[PDB]
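What the coordinates show
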Amino acid sequence: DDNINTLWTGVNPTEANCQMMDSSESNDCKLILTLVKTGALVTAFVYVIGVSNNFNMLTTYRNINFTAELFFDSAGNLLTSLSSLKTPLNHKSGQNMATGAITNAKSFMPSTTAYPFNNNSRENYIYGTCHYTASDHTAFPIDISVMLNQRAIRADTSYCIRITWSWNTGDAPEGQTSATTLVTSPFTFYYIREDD
Amino acid sequence: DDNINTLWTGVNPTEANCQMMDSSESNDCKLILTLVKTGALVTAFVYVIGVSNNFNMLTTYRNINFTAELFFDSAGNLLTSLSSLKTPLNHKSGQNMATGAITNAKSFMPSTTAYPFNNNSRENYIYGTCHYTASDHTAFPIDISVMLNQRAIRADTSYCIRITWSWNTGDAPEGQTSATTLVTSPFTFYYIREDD
Amino acid sequence: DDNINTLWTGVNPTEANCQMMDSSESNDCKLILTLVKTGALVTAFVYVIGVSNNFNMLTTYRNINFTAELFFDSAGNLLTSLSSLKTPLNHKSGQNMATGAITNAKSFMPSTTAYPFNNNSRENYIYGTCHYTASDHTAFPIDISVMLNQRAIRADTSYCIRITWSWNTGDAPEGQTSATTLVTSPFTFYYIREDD
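Residues numbered from 1 in each chain as written, not as in the entry; some residues may be left out. Chains lettered and ligands numbered in written order. Heavy atoms only, no water. Residues with missing side-chain atoms left out of burial classes, pairs and counts.

In its metadata, the entry names X-ray crystallography as the structure determination method and reports 3.20 Å as the resolution.

As named in the PDB entry, chain A is Fiber protein, taken from Human adenovirus 14p1. The Sequence similarities (unreviewed entry) field of the UniProt record for chain A holds the comment "Belongs to the adenoviridae fiber family." (UniProt positions renumbered as here; feature names shortened; annotations may be inferred.)

**Details of the relation of the copies chain C and chain A**
For the pair chain C and chain A, the best superposition has an RMSD of 0.7 Å and corresponds to a rotation of 120° with a translation of 0.1 Å parallel to the axis. The symmetry that links the two subunits is that of a three-fold axis. Within chain C, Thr-38 of chain C has its C-alpha nearest the rotation axis, a separation of 4.4 Å. Taken as a fraction of all interface residues of chain C, those also at the interface in chain A reach only 4%, which identifies the copy contact as different-surface. (Least-squares fit on C-alpha atoms. Contact = heavy atoms within 4.5 Å.)

**Structural notes on the packing of aromatic side chains**
Residue and element names in this part refer to chain C. Evaluation of the coordinates by the stated rule reveals 23 aromatic pairs over all chains. Where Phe-55 meets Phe-66, the ring centres are 5.3 Å apart and the plane angle is 80°; that geometry is what we call edge-to-face. Within this pair, whereas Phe-55 is found in helix α1 (residues 53–56), its partner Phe-66 is found in strand β4 (residues 63–72), the two being separated by 11 residues in sequence. Both rings, one in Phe-189 and one in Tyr-191, keep their centres 6.1 Å apart while their planes meet at 35°; by these two values the pair is tilted. (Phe/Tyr/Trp six-rings, centres within 6.5 Å; stacked < 30°, edge-to-face > 60°. Helix = DSSP H or I, 4+ residues; strand = E, 2+ residues; numbered from the N terminus.)

**Focus on the interface of chain C and chain A**
Each partner contributes residues to the interface: chain C has 24 residues there, and chain A has 19 residues. Between chain C and chain A, the buried area comes to about 1900 Å², and carbon and sulfur atoms account for 59% of it. Together, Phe-45, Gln-95 and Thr-133 of chain C form the three largest contributors to the area buried by chain C at its contact with chain A, with a combined 26%. Put simply, chain C and chain A have 2 salt bridges between them. Between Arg-193 of chain A and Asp-2 of chain C there is a salt bridge, and its shortest N-O distance comes to 3.8 Å. (Buried area = accessible area lost by both parts, 1.4 Å probe. Salt bridge = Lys/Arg side-chain N within 4 Å of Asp/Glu carboxyl O.)

**Digging into the side chain of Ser-107 of chain A**
Residues and elements named next belong to chain A. Note on placement: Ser-107 falls in the loop between β6 (96–97) and β7 (125–133). By relative accessible area, which is 4% here, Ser-107 ends up buried. Separated by 2.4 Å, the side chains of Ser-107 and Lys-37 make a polar contact. A polar side-chain atom of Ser-107 sits 3.1 Å from the main-chain carbonyl oxygen of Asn-104. Ignoring any residue separated from it by four or fewer positions in sequence, one finds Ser-107 in contact with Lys-37, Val-42, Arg-193, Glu-194, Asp-195 and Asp-196. (Buried < 20%, exposed > 50% of the residue type's maximum accessible area, 1.4 Å probe, protein only. Polar contact = N/O pair within 3.5 Å; in protein donor to acceptor, adjacent residues only side chain to side chain.)

As structure tokens, this is what we get:
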């Protein structure tokens, strides 16, 4: 069964499943996250679809960054209370999430052996790029940094994935006319996965 | 059988399988394309090998862009008449194309759930970069755009993939005298795929 | 068995497995390399973790380049005497290398059909980017070149893979004092895989 090789958020959820900004009253966006086991690695594919106004209007600032923090327990279960993503992940079931248990969730996690915790003498950072398309159809470039693991906030935080989208320009992607909706193009990164 | 997880053009076809330029009267290049299923995603691997003289000589201009348009039917069979690629895809058979029927061709296609159709409703694409190597061995950078399912053109056009290669420079990558075959380095992008 | 689809160095070997610099008297770094079969392609995942002082002190210079040269025989076995990597690859066994024989090693190799030997205006180099993280956590960008096949050196050198990391900047990545071990973020590239 190939569907269990995916651990994902589902494609275009009915409602916003992610609270990117602390200032928001509830989930302010749709986080689309797909994790695929591909040999010794995880293929990670992620992007964002703006939902709440204050989030979407971030396009109007010249200097912006927002982070999705995803925290997992010892079994590879998403800790919804601590994480930016507020609905747990599941296997592929069409364009949707399956509803049953997760098979070998742990082997979707970033290797603690390759990406350790609280080790000043090693690094866990992954850097990439993605884009936003403005109303004027110009490709606005978005920086993406990825930090794996690192310090664990809670006693049960056994694995970490943090994704920061940032940008810096003399000009803002968008005006105050608004009537614009923020969406990042997809970013794909790769990491080594933990065993069961 | 792993061979059915790939849908491609085959490696290095005898002669040009793609008519990239509107001005060409026939196939003017070899479009090398690999679509590999990787769980809920498709890994897409693409580059071009110039054949016709007029096509190879694009290296001599300061402002150049070319697009391969791929249209697919409801079963996911390439609509060759409408497409730049004039030869259908089939599974991996060694370094070449297999000759039988295609297994689950639709599950290679870009998801209409993730990528619905824009018929004047919206506007969008996905961005990357690749390079050309000049006779002086210097890496000339080429921009790549990818548009999924933006617009359906004929009644049987169930899926769209458009890929545009462009560059803009004060100098042309090759001189009039230093003119050789146009070849791109491979570009990889990823999309969420439709189900069977 | 999914483990045989992976061919790697293992995670964080106890001792340096790679001699990057010719000036080094023994292995001066840890080469982390993972090759995963992905249909008709191989997903190649590579980065380095510095070990020797001479190698770690590379962080203090403004213009640096180093290359890992990998040569394989007709059976797809790494030729250690010739290669920068001095320890053979094996399949996944947890966070480590398998110890037995290698299953279908040749199919992890770069296609001679796609990437021929010393053939003019044919096949191509691969260019990419990755990063080094300085003490202030600022991302220093590293250019990567990848060369497939191309020139063989010894009579049993049936396959070739070269990886060049280079950089050129107005400032050195680290200060003289704040310098620490040199570690690259992972670079992921793709090639068409030779068959069995």
